[PDB]
Every structure is written in C-alpha cells, then in structure tokens.
Amino acid sequence: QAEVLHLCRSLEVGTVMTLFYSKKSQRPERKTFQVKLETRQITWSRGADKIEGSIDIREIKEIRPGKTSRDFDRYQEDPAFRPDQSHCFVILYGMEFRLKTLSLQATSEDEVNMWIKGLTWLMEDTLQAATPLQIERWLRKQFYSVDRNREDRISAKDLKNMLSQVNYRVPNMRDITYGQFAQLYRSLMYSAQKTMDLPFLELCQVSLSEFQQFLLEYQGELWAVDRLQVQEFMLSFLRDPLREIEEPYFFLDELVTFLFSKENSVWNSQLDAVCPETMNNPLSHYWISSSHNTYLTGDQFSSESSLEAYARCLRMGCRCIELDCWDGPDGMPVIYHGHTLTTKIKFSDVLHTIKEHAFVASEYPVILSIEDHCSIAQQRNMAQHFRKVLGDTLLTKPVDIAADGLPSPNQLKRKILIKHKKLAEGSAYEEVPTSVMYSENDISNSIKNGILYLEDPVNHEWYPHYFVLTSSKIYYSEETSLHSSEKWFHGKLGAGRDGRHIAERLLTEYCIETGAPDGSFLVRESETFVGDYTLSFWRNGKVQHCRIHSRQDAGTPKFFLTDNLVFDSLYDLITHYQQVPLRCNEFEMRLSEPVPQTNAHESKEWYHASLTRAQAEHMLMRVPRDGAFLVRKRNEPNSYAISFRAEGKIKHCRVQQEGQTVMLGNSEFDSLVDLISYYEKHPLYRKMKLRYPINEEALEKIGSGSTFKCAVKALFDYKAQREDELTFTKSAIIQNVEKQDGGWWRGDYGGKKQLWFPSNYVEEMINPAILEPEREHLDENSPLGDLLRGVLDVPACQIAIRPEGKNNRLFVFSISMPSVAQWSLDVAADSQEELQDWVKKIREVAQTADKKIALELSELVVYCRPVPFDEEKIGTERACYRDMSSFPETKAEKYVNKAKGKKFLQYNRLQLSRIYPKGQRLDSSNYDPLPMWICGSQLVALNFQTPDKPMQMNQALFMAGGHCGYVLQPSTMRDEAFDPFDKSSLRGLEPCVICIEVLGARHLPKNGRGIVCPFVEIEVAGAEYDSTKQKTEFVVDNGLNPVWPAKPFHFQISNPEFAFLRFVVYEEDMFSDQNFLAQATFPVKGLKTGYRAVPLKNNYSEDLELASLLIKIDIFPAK
Ligand SMILES: O=P(O)(O)O[C@@H]1[C@H](O)[C@H](O)[C@@H](OP(=O)(O)O)[C@H](OP(=O)(O)O)[C@H]1O
Ligand SMILES: [Ca+2]
Ligand SMILES: [Ca+2]
C-alpha cells in the first residue's frame, strides 16, 4: 500500500525515453513521459514542458517488456537503431482489435521496471475505480483540453463546443473554473433526467435505511437485509474518506448517478468467475471460444498477418486458434493465407507468441488448428519446434486410454493440443476418403488472384481492385482501401467603394458577432492606389482605414504606413504592429485579432453561385461514380445545398450559415470550405465520401481515356492540309485512334491508315465499360462475396498488352470484347512479371472449352483427429470420441436445420465439430454462430478481427466464466429429446418473461461531428422460436443524457438456457439511416432485476467510458 503510493508519486515526476513511432516516414526521437494521476493518463511532454501526447490508462491492455513490437522490427538491422531489449518496452492500448502501441527506449533496467510495475497497478486501479471517481477523472480530462490549465478558466463558448463534443446541444447561448464546471455537469445530468419515471424518487438526500429499503423492495438484493453491508456498499461507491466518519448518505443526484453506474449493472458479476464444478464434462459438452485464420488483422486477401493477433485473441479468451502453415524460405514454415497477398509471419515467432500468451486469460486448454501445406521436412521442423518450445505444455499422449469420451477441461488445464491430419497406423498417407468435385468458387480454387489497377473515369486516377480469374470468369471487386496565405489578407475585395464597403461589412460582422477586441483587422488591395494596400481595424465600434504603401524601389520591396516605419514584407509590417501600436487617422492602436475570410468556397471547383436543384441533378447524373458532388447557393440568404450522387440517385441537404459558423443538420463547421474538407475525409452518407467536385471542366472530361481500337466521330468536314493528314466528312467514324496532347490525333478513315487530324474536330465515342455494371443479378457467392463489382466472361474477351503503358503506369494490358464495339478496360499491374502472368493465364482460360504427413508431426495428434464426416457412425459403436470433422459454413447449414439438427446434436455430444466461415467472405465478415451453438457445435470459429454481431455474441456467451473460453452446454440440450426447432421438445422447462422499459442513457458516443439522435433496439437471441426484436423511438439532438418516452416492452423466452438479451444503441441520422453507436449483450441467466444500469460497449465489445443505459427490468417467474 505504501509502496503503491510511493510508486505513483515517482512517475508523476517523469522519465525521458526514446520513442519509436508506429509510422515509417518518422524517425525515432526522445521526450519525457509522466502519469497525470488526477486523470490517469500517460502524457508525454515534448521537452520537459509542453504537452503533445497522451494515452488514457483505462485503454491499456498489456504492458510488455522488451523490443517485441512492429515499430522496433522496422529498425532491427539499421545499426543507428538496434536497441536493447532491457532498455525497451511496449505499451499496447486501445479499444479495437488492432491495439495501438507505444514502443519506448529507456536506459536503466529499473527505470523500465518501475514504469512496468507502476502502470500495472495504475491500470488495475483505474479499471476498478468506483464510478464517482471515474466520472471525476472524465470531467478533468474534458477540462484540461481547452484554454483551461493555463488561465485555469474556460470561456462560455468553449463550453458550448466542449458540450457538443460530448454529444450535448444547448438550445442557445446562456469564464468558469473547474469546480464550477463540475458543478454544471452534475446539475445538467440531473436536471435533464429528473423526468424519468422513478417511483422511489432542492438537493434532498437519501440515507442508509432508505437505500436499504430500495435494494430490497426494488432491486432484489437480499444481502442488504444486513445494514452494515449497505453501509459499506454506499461507502464503496462514494469513496470519499471525508463524509465517511458519519452515516453514509447519497444525494438524490448521486442516487440517479448510481442507477447508471457499473455498481448497479444488470449483469451479475458473480458469473465472472470460473465455476470449476462446471468443468468436469467431456470436452464435447462445451462451447469453446474459437478463431478463424487467427493470424489475420483484416480482410482475407491482402491484410497483414500479425503475431499481435494471436496475442489479442488468446487474451480475449479464445481457446482454439488457427495456423495456416506454408513452406518458408529457410526450412521453417511461414504463416499467411495461401494464394493471396496477406503478409507472411514465421512459424517460430507464432509459437513463442502462443507460448507467452496462451494462459494469461485462462488456465483452460488451447487447441491449435493446423492447416498444413508444408513439405515433409518442414513438417518435421514444426514437430521438433512444437516439442522443444512447448515442452510439457504440449499434449503428447491420451489422458485416459480406457475412456469412452473426451477428457474434461479440468483434466486439460494448461495443455496445448495439436489439431492436424493424422497418418493411419503404419501408413504414409492419411486415410482420406471423401470424393467431392463440388469445387467451391473461392480464392483457393481460382486460376490467379491479385491486385490490379483501374482508371477512375471521373478523376482519371488509378485505383486498386481485387481481381480473381477462374476457369471461365474474371471477378473484380469495388475499389480497395508570401502575404496571400495569411488569415488577415483578403486580396482584392472590389474595385471602388464596393471594396471599402465589403471590408467594412466583414470587419463589422466579425467584431459584433464575436465581441472582438479593438484592433481586430484585415488587409486588402487598395481600390484607389494601385499596388498599395489598405488596412482596416476596429476601434470604438467603428472601422478605421489606412493606406499601406508599397514601393519596388532600388530592387527590394518597402511597405509602410503613411509617415511611419518601413518594412521589407507585408507580413513584417503586420507582425510588428501586432506587438506595438501603429498611428492611423491620428489614433494609436496595436493590431489584435486577424479577421478571417468567409468565402474561400467561392473559387473552389465544387462551388456554384447560381444553380438550381434540377440543374445540379442533371449535372450529377452525367457522372457514373458515387461521390460526385457540388455545392450550390440557394435563393434565400445564408443558405446552401450539397448535391451528391449515391447509389445512382441524387441526394441534397441544406447547409445553413449562422454568423461565423455553418451548420449541416446539427453538425457545426467553421465554413463551407472546412465542411467540404471534412466530408472528403469522412463519410457523409453511409460509406460515401465526397470525392469528385463537379463543374463544367470535370463533366467534359468524363470517360475520355480509352486507348484500345478507339473510334471517334467527326463533328465537321476536314480537308487534309498536309500529306500526313486525314480527310473526312461530318459524322464519319474514324477508327483505331491514337490520342495525344498538342491538338492532333491519328486514325484510319477512307482507306488511309494512321493519318493525323485536329483533336477538336471530333468527339470520342463512348466506352460503355466506364458505366456502372448492373449489380442486381450479380452472383452473391463469387470468390469475392460482398466485395464483387463486376464479372467478365473470359471466352468473350480478348486481351492485349500495351507496350508503352499509359497515364504513368508502365505495365498495362487492355481487355476488350469483340462483340461489344468500343468496350475496353485498361488494367495496370505492379510489375512486368505480374503483367505477363495475368495476360498468359487470361488468354489460356479463353482458349479452354472443356498429401504425405511427417510421422513426427502426426504423432503429436492425440485428440482432434480430422476425419471425413460419417453421418452413419452417429450413435453407433463406430463413433470414435477422438475423431473430429470440420464444416465450412455452407456445409454446416445443411446440418443445423430442422431436418438434421437433432442428429448433429447427437454427434456433438460425443465428438467435436469445427465450423468456419465460407471461402467467399473475403471481407472477413462472420456468420451467425447461434444456429451452430444450439446444435451443440463446440468450435464455432469466427473472424475475431471483425467488430460485427457474431463476435459480439461470442464475447457475450463467454462472459459466463469471465472469458475462460469454455462454457458448459446446458443439460436440457444434452438431452436426447432436445430439438432446437421444436419447443415441444423442452417439456415443462420453466420459461422466462422479461418486461423492460428504457428510461434513459448517459455518455453515449458520437458518430462524427453532429449530435446523435439515439434509439435503443432490444433483442432476444436464441432459437428461432425465442428470437425477436423491439425498439424505442429516437430522441432529438442528445447523446449525453437523453430520456425516452414510455414504451413498455415484453419478451417471452421458452428456453432461457439458450437465450441472450441484447441492447443496441443506434443513432437516426439526417438521411433517416440507422448507425450503430454502442451495444451490450448478456446471457439471460445472468440478469438481475429492478432499476438497472446497462454498461455499454463498442462494436469490438470493449467497455466505453461511462456510457450506459438505465432500464427498469422485471423477470418472471419470481426468483
Ligand atoms: O484459410 P481458408 O481459406 O479460410 O480455408 C479454410 C478455413 O481456413 C478453415 O478453418 C480450415 O478448416 P480445417 O483445417 O479445420 O479443415 C480449412 O481447411 P481444409 O482445407 O483442410 O478443410 C480451410 O479450407
Ligand atoms: Ca486456414
Ligand atoms: Ca496484441
């Protein structure tokens, strides 16, 4: 305890260490680091002072000693950066699958040791800190993020902006210190929610006998019949040692804050411990947390394989992980997804990662699913490395030779098992006996896979697409992954008094609307003295003007106010008079705030001062890509619209300007220019960013880039003026046209070949390949899955290499189709060798019109022996509990339906089944695990890197047991009558009736710049007969503390042993779409009753800071 207070006190002082950026362009550099205790952040002051970096300690997942990091690996042979493991350590932090890393280089080995032990305690105390203290640190984090920390007092509009950044919009405007800021927060959170229906509930206070009456009458906490128990419960909440030495008391607002806190969670934390009693059934009786292609960080085709993903999965409590082993460059296999562009990591590194992390989250057994493409020698090296590195951790022999069933999880604690094909006794080949020429159309069975490039027909940039060639088709995806600068210089505003009036308007509106100081100013070009300038500044509610003289005399420039000092640049003049007063119109004034320009949009490619809705729509409908956009002024003042194309249709939204800001819905920006720049970087509508500014120039040049056998149409007659020129008549189609800049193209017409003609005497015929493909009847299950954009029928295509490339791409081929004149796609590869490979294989596809296993590795396979699935062995003496079978999603669906589900249940009570996603989910999306689980499948393998609903259900299921990774399947479903498609199979199992009312929410996260308009979807997920969804209405412009109207919900669950209660918070955005904000999913068996908090998670299932709902939940039958 004293050691902890000593430790924390030392790091708030600090330490200096070198930083290895997770960015390549950057070169390592040093800074000082410290732990602001009042907020629990790791801040790194750049140099002993200014604060330039920060990490929230609550996001730290691992503090790892050594140089084990990607950053470190980027400089491991550079001798300038070959540090020492003793001097290096790594913080892994974040709330997504791919954790962020802080890779640091210290000097002492007790320096690193204190930090590591400091953060370890800090991490644990921050995470379990009582909620009033977490709120208190959040309030400080918001505070130390504006002008406060300096003046120690923030403005009143700083508050408006900070509140909007935390999802709260005050109706209209209404300096403050932290104590007053925290007072305002607590008062706002309570006032905004005093309307919630709370029968139990002018800052009154609730006492001990009152809180005890609550816990008992409403919360069903029977322990609270002991008063001293509640006493501590209330003191475990407040955590103020003052006010403690008297009877505990809550204020009303502290009671409401309690109702929202993790201390009031709907989730019974008693189910967070392992129940060792439930860990004694055969392995086949457990749901086992399982990962598919564990090495991958992203999609299945081109993402990075990472050691870090193994560590993340095992630390999320995953127990069955997957290794895809291929022959490596040095006799040691590599791991990556075969036949793709995913990066390769080394088998040896993976094993050490697995060793280091397999039992941090759980003592329970780990299963390595080994997809093996290695030669016999590399299989031997694997077998040798498994045995050496894992030692007694590896399972090498059965637990019970006379058993008739798999061993229990308890019997396999701290064991790692190998799942791998096994030789028949005395054979050199697996007894493999399944004959299936139903070759799945996926990237495994394709002819060639790769990334190739396609010119965008609108901006003429090359973009990468995934290409897949099969034996008859090419599938391609959607695209993959001086003074004039100064704010105070406004240039020429007008040519006469119009410019003076514009300057007076700009300066006046700025000063009035912002309460700007005297001396606020702008500079413009002089309307009266050419080459000179005019300074305008605010003084006594009036605008003052003075001439700034300019002289190019004797070579160098000379700027000066009349009768005043001479300066070399306009910047120097202004910078000087912002520090000491000028004299102007007999007045003394120091320049202060620069007046910003407000109409920078007026010269942008996308801006149209005069344009109707109908004209904008006609313009954008000429553009065959989504993200075509323009901004138009509207007929009413201070009003604009964005017009943009999405899903082949045109949409519009109004942008209103209110003073020095602009608004789009509730999203506030500084200017139209800043607004558009924001939505070029972030999506505006669904996943659509603003990409192409549409004006006359852009429209003219659309689809103009073809090269292969191009035709053009003569617009006029042309008589050859030289012997190398073509002669032709109006409307003539000139063929095979070679296009070049400089005004002259080359083509065939009238018998003459490749003669020159004027470029602007023709229009280029349309290349239909530039148009969007019809995507409505496109194959849902191509090798590309949901990423598919287009299909080409190879026998109807022709291919030709362009030897000179095009558009700064050296390696280009052209696909055409003889029966569709002028249809052509130009396609670039990254290398001449890649180009040659694609061309030869495509052309070959067109001209068509029609495993040994090392004993040393085999010996390590004790259980989890893969055999072809034999439905007829189910229930007979021929079923071997050591044999297992794997099921690709689509095959598994054939067994988890009404017809075969009960027999799949029978199989799974004795033997393991592994389910994994279909090959076509190249995007690493996940299938629904519940229909697999409810038929007793144990190894339901999901892409852990993907933040979708299947992974949210996975982490929810394994919440029972605290993510130990094994959950005992309930006895009712290991009954032989249990049928997931027949609730009559359950017999008289008591059902469960849930009544819920969503009362309010706090600290909801944002989805962009606006303020969310949230609604809550409540779901029960189990068998089909139990599954249903309900939702609340959305509330307007509030994520910080919304409350919802009355809408009582009822759910009835016939099988509460396989049932999940799921809460999803959505926002209704301005386009009437519904966007995920947060979620919490629970097994129904762990639900408490009463007025309960619902602590909210992100889509990766990480705890959000403070975010929660308050519900009223009643469960029947009564406990
Ligand atoms: O890596 P991909 O492309 O997703 O390929 C499938 C997937 O990874 C499965 O997890 C794997 O299951 P099993 O090892 O459990 O069988 C299967 O192996 P298989 O070809 O040996 O059946 C692979 O085909
Ligand atoms: Ca695999
Ligand atoms: Ca990791």
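Counting starts at 1 for both ligands and their atoms, in listed order. For the numbers below, each heavy atom of this structure counts, side chains included, while hydrogens, waters and symmetry mates do not. Counting from 1, the numbers follow the sequence of the chain as shown.
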In this structure, is the centre-to-centre distance between the rings of [Y] and [X] below 6.0 Å?
X: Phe301; Y: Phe467; answer: no
X: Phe869; Y: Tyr907; answer: yes
X: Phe904; Y: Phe887; answer: yes

Just wondering, is there an N, O or S atom on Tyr916 that's nearer than 3.0 Å to the Ca ion (ligand 2)?
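It does not; every qualifying atom lies at 3.0 Å or beyond.
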
If you count the non-hydrogen atoms of other residues, nucleotides and ligands that lie under 6.0 Å from NZ in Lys117, is the total more than 12?
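Counting other residues, nucleotides and ligands, NZ of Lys117 stays at 12 neighbours or fewer.
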
Within a reach of under 6.0 Å around CG of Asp73, are more than 12 heavy atoms found that belong to other residues, nucleotides or ligands?
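It does: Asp73 CG has more than 12 such atoms within range.
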
Restricting to N/O/S atoms, is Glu62 within less than 3.0 Å of the Ca ion (ligand 3) or not?
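No, outside the cut-off.
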
Please write down residue, atom name and distance for the protein heavy atom closest to [atom].
atom: atom 2 (P) of ligand 1; value: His337 NE2, 3.4 Å
atom: atom 4 (O) of ligand 1; value: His292 NE2, 2.9 Å
atom: atom 8 (O) of ligand 1; value: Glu322 OE2, 2.7 Å
atom: atom 6 (C) of ligand 1; value: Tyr916 CE1, 3.6 Å

Restricting to N, O or S atoms, which atom of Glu371 is closest to the Ca ion (ligand 2)?
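For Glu371, the N, O or S atom at the smallest distance from the Ca ion (ligand 2) is OE1.
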
Run the numbers for me: atoms of ligand 1, each under 4.0 Å from some heavy atom of [X], listed by number.
X: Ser886; value: 13 (P), 15 (O), 16 (O)
X: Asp324; value: 1 (O)
X: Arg914; value: 9 (C), 10 (O), 11 (C), 12 (O), 13 (P), 15 (O)

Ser284 side, atom OG; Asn908 side, atom CG - distance, nearest 0.5 Å
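Rounded to the nearest 0.5 Å, the OG-CG separation comes out at 8.0 Å.
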
Nearest 0.5 Å, what's the CD-CD distance between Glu780 and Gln920?
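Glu780 atom CD to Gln920 atom CD measures 10.5 Å (nearest 0.5 Å).
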
Do we see a donor-acceptor contact under 3.5 Å between the side chains of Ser22 and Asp71?
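Side chains of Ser22 and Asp71: pair found under 3.5 Å.
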
Can you tell me which residue among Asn926, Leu296, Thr297, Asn293 is in a side chain to side chain contact (heavy atoms under 4.5 Å, CB included) with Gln945?
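Of all the options given, the one that passes is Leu296.
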
Any nitrogen or oxygen of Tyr295, side chain or backbone, less than 3.5 Å from one on ligand 1?
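So ligand 1 has no N or O lying under 3.5 Å from an N or O of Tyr295.
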
Polar proximity ligand 1 side, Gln300 side, N/O cut 3.5 Å exclusive:
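No; every N/O pair is 3.5 Å or more apart.
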
For atom 15 (O) of ligand 1, is the nearest protein heavy atom closer than 4.0 Å?
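Under the 4.0 Å cut-off, atom 15 (O) of ligand 1 does have protein heavy-atom neighbours.
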
My question is simple, although I want it checked carefully: is atom 18 (O) of ligand 1 less than 4.0 angstrom from any protein heavy atom?
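Yes, there is a protein heavy atom closer to it than 4.0 Å.
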
Rounding to 10°, state the angle centred on the Ca ion (ligand 2) that links OE2 in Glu322 with OD1 in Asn293.
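Taking the Ca ion (ligand 2) as the apex, the two atoms subtend 80°.
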
Over 60° means perpendicular and under 30° means parallel, so classify the ring planes of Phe20 and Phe72, tilted if in between.
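Rings of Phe72 and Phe20: tilted, as their planes differ by 30° to 60°.
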
Side-chain touch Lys900/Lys903, heavy atoms, less than 4.5 angstrom:
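SC-SC contact between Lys900 and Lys903 ruled out.
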
To which of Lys419, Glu371, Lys421 does the heavy atom nearest atom 23 (C) of ligand 1 belong?
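Closest candidate by heavy-atom distance is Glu371.
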
Using heavy atoms and a threshold below 4.0 Å, how should the contact between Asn293 and ligand 1 be classified: side chain, backbone, both, or neither?
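Side chain only.
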
